[PDB]
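Below: the structure, in structure tokens.
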There are 2 protein chains.
Amino acid sequence: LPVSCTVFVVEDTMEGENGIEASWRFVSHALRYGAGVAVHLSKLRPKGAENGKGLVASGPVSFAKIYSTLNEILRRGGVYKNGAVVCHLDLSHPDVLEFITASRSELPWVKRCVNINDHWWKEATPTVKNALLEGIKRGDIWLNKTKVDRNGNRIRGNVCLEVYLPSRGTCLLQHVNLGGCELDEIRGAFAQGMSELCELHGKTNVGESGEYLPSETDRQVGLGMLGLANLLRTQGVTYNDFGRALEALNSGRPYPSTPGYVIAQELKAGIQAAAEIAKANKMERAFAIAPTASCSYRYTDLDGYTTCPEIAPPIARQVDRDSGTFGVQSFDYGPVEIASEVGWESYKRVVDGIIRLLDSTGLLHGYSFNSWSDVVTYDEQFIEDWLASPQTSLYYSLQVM
Amino acid sequence: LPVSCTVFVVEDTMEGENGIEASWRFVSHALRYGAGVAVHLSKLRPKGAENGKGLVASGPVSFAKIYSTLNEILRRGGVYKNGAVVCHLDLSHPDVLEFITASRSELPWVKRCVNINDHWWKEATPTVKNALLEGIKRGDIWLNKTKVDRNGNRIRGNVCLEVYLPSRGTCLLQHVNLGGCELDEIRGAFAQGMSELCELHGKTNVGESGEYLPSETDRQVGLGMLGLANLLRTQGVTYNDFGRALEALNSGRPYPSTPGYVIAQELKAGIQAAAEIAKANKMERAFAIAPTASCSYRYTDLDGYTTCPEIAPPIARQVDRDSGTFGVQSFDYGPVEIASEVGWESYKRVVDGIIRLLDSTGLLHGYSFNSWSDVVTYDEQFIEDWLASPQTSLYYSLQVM
Ligand SMILES: Cc1cn([C@H]2C[C@H](O)[C@@H](COP(=O)(O)OP(=O)(O)OP(=O)(O)O)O2)c(=O)[nH]c1=O
Ligand SMILES: Cc1cn([C@H]2C[C@H](O)[C@@H](COP(=O)(O)OP(=O)(O)OP(=O)(O)O)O2)c(=O)[nH]c1=O
């Protein structure tokens with residue numbers, strides 16, 4: 001199916017409609033088509049908890065092994081080999097420590113994400129914090145925040161962390177190419193994208209298979225953006241200037257009409273237009289920023305160069321992608337600013353400003369924030385700053401220098 | 001349930017009534033109650049077989065890992081911890097070699113049995129034979145023969161190898177205590193046991209759960225025997241004399257009326273009476289010899305000593321059984337002959353004679369033959385002799401001296 005991702009929550013019982021065995025069947029079905037899953041194990045009771053009629057429960061870390069085996073077998077046998085599994089878990093779970101410290105031999109083919117917020121982080125003991133920092137520094141444990149819908153009932157993130165869905169949901173995404181649109185066309189492009197997304201929401205028919213929710217009950221769609229670096233290059237605006245202009249616009253402070261200010265105002269106007277169009281069709285959540293590693297390569301800017309993925313600056317001007325089918329393809333991002341030159345502060349400020357702009361309308365799913373391992377030093381201060389900032393995830397740990 | 005064992009055969013398809021996923025659910029259900037399973041993987045296509053719509057199949061050895069994980073988790077969490085899994089496989093399967101050589105790290109918590117006969121053994125290449133001999137010498141691979149019902153449709157052995165059942169079947173067993181019955185009472189005891197088994201066959205209601213076959217369609221029961229060594233001791237008959245008498249009786253040759261001959265004639269008469277009673281109730285198969293390690297300890301002979309398990313001679317006169325609940329219990333088998341003193345030949349001849357007597361009526365399931373590793377040298381000649389002899393399995397590799 002076109003469904004890129006799906007979300008499943010497993011109840012604390014072996015059998016049922018959403019039982020662990022039903023979880024095995026659903027994961028097998030999702031992997032046989034290539035779509036990834038995010039099996040949330042936050043409800044399984046802790047390991048060693050005795051009920052009285054002796055059933056010494058094993059805990060989520062035990063079933064992680066079953067999911068790992070299923071993933072390995074089916075992905076190596078599956079038609080689509082791009083599927084992945086992400087076994088989310090909470091930070092308040094008493095088992096989290098074990099979940100953090102399991103070596104790659106025990107759980108070889110499953111990524112791991114931790115749902116954290118202010119309360120659980122504060123309550124966590126120092127040992128758990130140190131284990132989390134060590135894990136993230138080695139690139140094993142991802143982070144994600146917790147957000148409740150307007151009714152207060154919990155919603156859960158997907159595989160790639162920027163879309164928030166309920167149980168057995170699905171994800172519909174569409175990307176707007178900033179590099180390929182002129183400054184005046186931004187609002188029109190945003191309106192066209194949002195209208196197309198609203199129209200396409202009701203014609204997917206994903207839920208007909210009986211595994212997914214019906215389309216009428218979802219009321220969600222994600223309008224992401226890609227190709228910011230090319231736009232900044234074309235207008236001759238550096239990341240520092242764009243970040244300062246975005247911060248000034250968001251704070252409401254007066255600012256001179258520099259090109260960065262014009263771009264920021266155009267982005268705000270387009271976001272507002274898209275928000276109005278979505279509100280017309282009764283869309284709960286509209287804006288979601290997802291990585292475009294597999295989608296950016298098929299688009300081009302005005303000058304003919306390849307558009308940079310999402311809004312971050314490309315690590316290197318030229319990228320050589322190796323695929324077993326089409327071989328090795330060497331593409332160029334043009335004379336754009338790259339990670340080492342811009343610096344950590346400019347990138348962080350720019351992403352924070354854009355995420356604040358998108359969130360201002362209240363229709364934000366999330367963002368798949370990266371992290372440059374060769375520049376910043378992982379510390380509890382870094383996690384505190386990440387939690388304080390409007391970001392909503394921590395995806396990968398790259399090397400830039 | 002009282003069901004000691006069950007048999008499942010998995011088809012070559014992911015979904016269905018007997019699909020691999022149905023196999024996972026059935027194995028989980030069987031393990032949650034302690035009853036073991038014998039998941040026959042002889043129908044899964046070989047690893048690496050391509051169909052054209054790319055599905056590079058993994059093979060049975062891959063799903064052995066899923067079954068191992070399920071067994072580990074559920075047995076350590078299961079209420080009854082006596083459950084076990086035995087992943088049968090054929091000798092003609094092109095994957096058998098891998099199945100034989102997998103180390104204990106890959107498949108830690110699943111036993112392995114090989115279904116062999118004359119044709120497959122002859123067709124097997126030397127490397128497979130050497131791998132099988134090495135495996136059996138280390139006590140990893142068990143053997144079992146192939147037998148077809150009166151209609152020619154294949155039937156499959158259970159976990160402990162002496163009962164032959166169809167898919168989703170069950171096993172009903174009852175044991176006759178030779179040590180606790182006088183020489184004249186043998187026929188009456190056999191008749192009583194067979195009548196009780198026939199009566200109890202139709203009142204188990206195992207198939208009401210929807211997983212097992214209905215009781216009306218089974219038409220099977222197993223009348224085993226235990227406590228031969230005590231009987232031989234009481235009558236003052238050594239294993240050699242009893243074996244010679246049994247061989248003479250079976251061959252039809254004239255023989256003097258020695259005590260061994262009297263015992264053999266009584267056994268034959270009792271077997272014939274039980275066979276007639278079973279045939280009265282239309283029983284397809286009636287006689288099955290199973291190990292009594294967990295059942296012999298609750299019975300006593302005429303002199304008050306504990307009866308020896310099945311028909312083999314006990315390894316040591318005194319046995320100290322350690323259980324976490326009742327602690328350590330030291331029981332005595334009395335002044336009975338033991339393994340080293342009797343020798344391999346006498347034991348082999350006695351078991352062969354008794355199995356021939358039981359098979360003479362055509363109502364034999366099988367026998368769980370042991371093997372003394374410290375006496376016999378494993379060679380292709382040994383396997384040839386085992387195949388030639390009326391035995392039907394090869395269970396464990398013990399040490400006697
Ligand atoms: C039976 C069993 C349960 N468990 C644990 C893990 C599951 O999350 C949890 C679900 O057990 P349940 O299936 O709900 O056990 P139960 O219904 O018989 O008893 P109760 O209602 O009190 O739970 O039990 C094991 O880990 N291993 C086992 O073998
Ligand atoms: C899809 C898939 C199949 N297989 C192998 C193992 C199973 O024994 C076997 C069953 O596949 P099927 O489910 O029968 O595949 P199919 O129905 O789409 O195509 P066909 O009818 O030709 O089989 O395929 C894998 O090993 N891994 C996989 O991911």
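FYI, nothing fancy with the structure tokens labels: chains A, B, ... in order, residues from 1 per chain, ligands from 1 as they appear.
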
DSSP-assigned strand (DSSP E or B) members of region 252-371 of chain B, reported as a PyMOL selection string
chain B and resi 285+287-289+300+306+318-323+327-332+364-367

Once you count only C-alpha atoms and all ligand atoms, which residues end up within 10 Å of ligand 2, and could you hand them over as a PyMOL selection string?
(chain A and resi 28-29+31-34+70-81) or (chain B and resi 10-16+19-20+41+43-60+62-63)

Could you save the residues just selected, with N, CA and C atoms, as a CSV table (one decimal), in the first residue's frame?
```csv
chain,number,residue,atom,x,y,z
A,28,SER,N,3.5,-9.1,11.2
A,28,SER,CA,3.8,-9.9,10.0
A,28,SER,C,3.2,-9.3,8.8
A,29,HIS,N,1.9,-9.0,8.9
A,29,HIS,CA,1.2,-8.5,7.7
A,29,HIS,C,1.8,-7.1,7.3
A,31,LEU,N,4.8,-6.1,7.7
A,31,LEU,CA,6.2,-6.3,7.1
A,31,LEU,C,6.1,-7.0,5.8
A,32,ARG,N,5.1,-7.8,5.5
A,32,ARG,CA,5.1,-8.5,4.2
A,32,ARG,C,4.8,-7.5,3.1
A,33,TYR,N,4.4,-6.3,3.4
A,33,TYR,CA,4.2,-5.2,2.4
A,33,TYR,C,5.2,-4.1,2.4
A,34,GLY,N,6.1,-4.2,3.4
A,34,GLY,CA,7.2,-3.2,3.5
A,34,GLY,C,6.9,-2.0,4.4
A,70,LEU,N,10.8,-11.8,13.9
A,70,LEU,CA,9.9,-11.6,12.9
A,70,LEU,C,10.4,-10.6,11.8
A,71,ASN,N,10.9,-9.5,12.3
A,71,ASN,CA,11.4,-8.5,11.4
A,71,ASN,C,12.5,-9.1,10.6
A,72,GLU,N,13.5,-9.7,11.2
A,72,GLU,CA,14.6,-10.3,10.4
A,72,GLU,C,14.1,-11.2,9.3
A,73,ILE,N,13.3,-12.2,9.7
A,73,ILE,CA,12.9,-13.2,8.7
A,73,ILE,C,12.1,-12.5,7.6
A,74,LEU,N,11.1,-11.7,7.9
A,74,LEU,CA,10.2,-11.2,6.9
A,74,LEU,C,10.8,-10.1,6.0
A,75,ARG,N,11.7,-9.3,6.6
A,75,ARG,CA,12.4,-8.2,5.9
A,75,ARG,C,13.3,-8.9,4.9
A,76,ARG,N,14.1,-9.9,5.3
A,76,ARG,CA,15.0,-10.6,4.4
A,76,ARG,C,14.2,-11.4,3.4
A,77,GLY,N,12.9,-11.8,3.7
A,77,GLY,CA,12.1,-12.5,2.7
A,77,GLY,C,11.0,-11.6,2.1
A,78,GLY,N,10.8,-10.4,2.6
A,78,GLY,CA,9.8,-9.5,2.2
A,78,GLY,C,10.0,-9.0,0.8
A,79,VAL,N,8.9,-8.7,0.1
A,79,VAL,CA,9.1,-8.1,-1.3
A,79,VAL,C,9.7,-6.7,-1.1
A,80,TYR,N,9.1,-5.9,-0.2
A,80,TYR,CA,9.7,-4.5,0.1
A,80,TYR,C,10.6,-4.6,1.3
A,81,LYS,N,11.8,-4.3,1.1
A,81,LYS,CA,12.8,-4.4,2.2
A,81,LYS,C,13.1,-3.1,2.9
B,10,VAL,N,2.3,-27.9,9.9
B,10,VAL,CA,2.1,-26.5,9.3
B,10,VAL,C,2.2,-26.6,7.8
B,11,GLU,N,1.2,-26.0,7.1
B,11,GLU,CA,1.2,-26.0,5.7
B,11,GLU,C,2.2,-24.9,5.2
B,12,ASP,N,2.4,-24.9,3.9
B,12,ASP,CA,3.4,-24.0,3.2
B,12,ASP,C,2.6,-22.8,2.7
B,13,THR,N,2.1,-22.0,3.7
B,13,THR,CA,1.5,-20.7,3.5
B,13,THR,C,1.3,-20.0,4.8
B,14,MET,N,1.5,-18.7,4.7
B,14,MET,CA,1.5,-17.8,5.9
B,14,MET,C,0.2,-17.9,6.6
B,15,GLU,N,-0.9,-17.8,5.9
B,15,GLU,CA,-2.3,-17.7,6.5
B,15,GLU,C,-3.1,-18.9,6.2
B,16,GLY,N,-4.1,-19.2,7.0
B,16,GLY,CA,-5.1,-20.3,6.8
B,16,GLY,C,-5.5,-20.8,8.1
B,19,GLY,N,-2.1,-22.4,9.0
B,19,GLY,CA,-0.9,-21.6,8.5
B,19,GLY,C,0.1,-21.4,9.6
B,20,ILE,N,1.2,-20.8,9.2
B,20,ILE,CA,2.4,-20.6,10.1
B,20,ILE,C,2.0,-19.7,11.2
B,41,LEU,N,7.8,-29.6,10.3
B,41,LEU,CA,8.1,-28.6,9.3
B,41,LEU,C,8.5,-29.2,8.0
B,43,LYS,N,6.9,-29.6,5.3
B,43,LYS,CA,6.2,-29.1,4.1
B,43,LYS,C,6.7,-27.7,3.7
B,44,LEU,N,7.5,-27.0,4.5
B,44,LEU,CA,8.0,-25.7,4.1
B,44,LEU,C,9.1,-25.8,3.0
B,45,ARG,N,8.9,-25.0,2.0
B,45,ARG,CA,9.8,-25.1,0.8
B,45,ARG,C,11.2,-24.7,1.2
B,46,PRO,N,12.2,-25.2,0.4
B,46,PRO,CA,13.6,-25.0,0.8
B,46,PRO,C,14.1,-23.6,0.8
B,47,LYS,N,15.0,-23.3,1.6
B,47,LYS,CA,15.6,-21.9,1.7
B,47,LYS,C,16.2,-21.5,0.4
B,48,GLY,N,15.9,-20.3,-0.1
B,48,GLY,CA,16.5,-19.8,-1.3
B,48,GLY,C,15.7,-20.1,-2.6
B,49,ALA,N,14.6,-20.8,-2.5
B,49,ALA,CA,13.8,-21.2,-3.6
B,49,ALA,C,13.0,-19.9,-4.1
B,50,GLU,N,13.2,-19.5,-5.3
B,50,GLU,CA,12.6,-18.3,-5.9
B,50,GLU,C,11.4,-18.7,-6.7
B,51,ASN,N,10.3,-17.9,-6.6
B,51,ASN,CA,9.1,-18.2,-7.3
B,51,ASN,C,8.9,-17.4,-8.6
B,52,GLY,N,9.5,-16.2,-8.6
B,52,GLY,CA,9.4,-15.3,-9.8
B,52,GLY,C,8.9,-13.9,-9.4
B,53,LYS,N,7.9,-13.9,-8.5
B,53,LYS,CA,7.6,-12.7,-7.8
B,53,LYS,C,8.4,-12.7,-6.5
B,54,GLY,N,9.5,-12.0,-6.5
B,54,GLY,CA,10.6,-12.3,-5.5
B,54,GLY,C,10.1,-12.5,-4.1
B,55,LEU,N,10.2,-13.8,-3.7
B,55,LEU,CA,10.0,-14.2,-2.3
B,55,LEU,C,11.0,-15.3,-2.0
B,56,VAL,N,12.2,-14.8,-1.6
B,56,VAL,CA,13.3,-15.8,-1.2
B,56,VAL,C,12.9,-16.4,0.1
B,57,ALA,N,12.4,-17.6,0.0
B,57,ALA,CA,11.9,-18.3,1.2
B,57,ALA,C,13.1,-18.6,2.2
B,58,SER,N,12.7,-18.6,3.5
B,58,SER,CA,13.7,-18.8,4.5
B,58,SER,C,13.9,-20.2,4.9
B,59,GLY,N,12.9,-21.0,4.9
B,59,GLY,CA,13.0,-22.4,5.2
B,59,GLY,C,12.6,-22.7,6.6
B,60,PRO,N,12.5,-24.0,6.9
B,60,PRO,CA,12.1,-24.4,8.3
B,60,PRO,C,13.1,-24.0,9.4
B,62,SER,N,14.6,-21.3,9.8
B,62,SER,CA,14.4,-20.0,10.2
B,62,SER,C,13.3,-19.9,11.2
B,63,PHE,N,12.1,-20.6,10.9
B,63,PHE,CA,11.0,-20.6,11.8
B,63,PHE,C,11.3,-21.4,13.1
```

Could you give me, as JSON, numbers by chain, the residues within 12 Å of residue 235 (chain B), counting only C-alpha atoms and dropping anything in the same chain fewer than 2 positions from it?
{"B": [178, 179, 181, 182, 183, 228, 229, 230, 231, 232, 233, 237, 238, 239, 241, 242, 258, 259, 260, 261, 262, 263, 302, 336]}

Just list the residues in region 141-353 of chain B DSSP gives alpha helix (DSSP H) on the backbone, as an MDAnalysis selection string.
chainID B and resid 186:201 228:235 239:251 259:280 339:342 344:353

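Nearest residue to chain B among A:223, A:22, A:172, A:9 is A:22, counting only C-alpha atoms.
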
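What separates CA of residue 101 (chain A) from CA of residue 116 (chain A) is a distance of 16.9 Å.
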
Extract, using only C-alpha atoms, all DNA, RNA and protein residues at most 10 Å from residue 113 (chain A), discarding same-chain residues fewer than 4 positions from it, and format them as a list in words.
residues 38, 40, 86, 87, 88, 89, 90, 91, 99, 100, 140, 141, 142, 143, 144, 159, 161, 393, 394 and 395 of chain A

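Taking CA of residue 353 (chain A) and CA of residue 194 (chain A) as the two end points, the separation is 21.3 Å.
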
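Excluding residue 401 (chain B) and any residue on its chain fewer than 2 positions from it, the residues at most 10 Å away by only C-alpha atoms are residues 315, 339, 340, 341, 372, 373, 374, 375, 398 and 399 of chain B.
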
So that I have them on file, write out the residues from the current selection with C-alpha atoms, as a PDB file, in the first residue's frame.
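Output (selection.pdb):
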```
ATOM      1  CA  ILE B 315      20.692 -47.797  35.618  1.00  0.00           C
ATOM      2  CA  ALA B 339      22.427 -51.896  32.896  1.00  0.00           C
ATOM      3  CA  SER B 340      26.147 -52.677  33.094  1.00  0.00           C
ATOM      4  CA  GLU B 341      25.687 -56.199  34.474  1.00  0.00           C
ATOM      5  CA  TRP B 372      23.856 -46.662  26.161  1.00  0.00           C
ATOM      6  CA  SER B 373      26.566 -44.328  24.887  1.00  0.00           C
ATOM      7  CA  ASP B 374      29.342 -45.862  27.006  1.00  0.00           C
ATOM      8  CA  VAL B 375      29.012 -49.376  25.504  1.00  0.00           C
ATOM      9  CA  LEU B 398      22.702 -42.302  28.438  1.00  0.00           C
ATOM     10  CA  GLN B 399      25.842 -43.382  30.297  1.00  0.00           C
TER      11      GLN B 399
END
```

Set the distance at 9 Å and use only C-alpha atoms: which residues neighbour region 319-335 of chain B once local chain neighbours fewer than 5 positions away are removed? I'd like the list as a PyMOL selection string.
chain B and resi 230+233+297+305-308+314

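With only C-alpha atoms as the atoms that count, the residue of B:290, B:66, B:102, B:280 with the shortest distance to residue 366 (chain B) is B:290.
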
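As for CA of residue 226 (chain A) and CA of residue 296 (chain A), they are spaced 7.5 Å apart.
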
Shell of 12 Å around residue 196 (chain B), only C-alpha atoms, local chain residues under 6 positions omitted, as a PyMOL selection string
chain B and resi 172-176+189-190+202-203+221-223+274+277-278+281

Take the residues just selected and output them with N, CA and C atoms as a tab-separated table (two decimals), in the first residue's frame.
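In the end it all went to out30.tsv:
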```
chain	number	residue	atom	x	y	z
B	172	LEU	N	-3.91	-40.47	24.49
B	172	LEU	CA	-4.42	-41.08	25.71
B	172	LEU	C	-3.61	-42.33	25.99
B	173	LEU	N	-3.01	-42.40	27.18
B	173	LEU	CA	-2.15	-43.50	27.57
B	173	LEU	C	-2.59	-44.07	28.91
B	174	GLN	N	-2.36	-45.37	29.10
B	174	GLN	CA	-2.51	-46.00	30.40
B	174	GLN	C	-1.50	-47.13	30.52
B	175	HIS	N	-0.94	-47.30	31.72
B	175	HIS	CA	0.16	-48.22	31.95
B	175	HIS	C	-0.29	-49.40	32.80
B	176	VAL	N	0.20	-50.59	32.45
B	176	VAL	CA	-0.04	-51.81	33.20
B	176	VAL	C	1.22	-52.14	33.99
B	189	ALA	N	-5.38	-58.38	34.16
B	189	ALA	CA	-4.94	-56.99	34.26
B	189	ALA	C	-4.93	-56.32	32.90
B	190	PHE	N	-4.45	-57.02	31.87
B	190	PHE	CA	-4.44	-56.46	30.53
B	190	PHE	C	-5.86	-56.19	30.04
B	202	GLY	N	-13.80	-42.04	24.97
B	202	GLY	CA	-14.91	-41.24	24.50
B	202	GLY	C	-15.44	-40.20	25.47
B	203	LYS	N	-14.76	-39.95	26.59
B	203	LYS	CA	-15.25	-39.01	27.59
B	203	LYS	C	-14.25	-37.90	27.90
B	221	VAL	N	-5.70	-45.26	21.16
B	221	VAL	CA	-5.39	-45.27	22.59
B	221	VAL	C	-4.14	-46.11	22.78
B	222	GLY	N	-3.40	-45.82	23.85
B	222	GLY	CA	-2.14	-46.51	24.09
B	222	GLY	C	-2.05	-47.23	25.42
B	223	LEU	N	-2.00	-48.56	25.36
B	223	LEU	CA	-1.88	-49.40	26.55
B	223	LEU	C	-0.42	-49.83	26.68
B	274	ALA	N	-6.16	-58.42	25.19
B	274	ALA	CA	-6.32	-56.98	25.05
B	274	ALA	C	-6.60	-56.60	23.60
B	277	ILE	N	-10.23	-57.37	22.88
B	277	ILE	CA	-11.12	-56.39	23.50
B	277	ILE	C	-11.10	-55.08	22.73
B	278	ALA	N	-9.90	-54.63	22.33
B	278	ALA	CA	-9.81	-53.39	21.56
B	278	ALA	C	-10.51	-53.52	20.21
B	281	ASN	N	-14.20	-52.82	20.23
B	281	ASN	CA	-14.60	-51.42	20.25
B	281	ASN	C	-14.10	-50.64	19.04
```
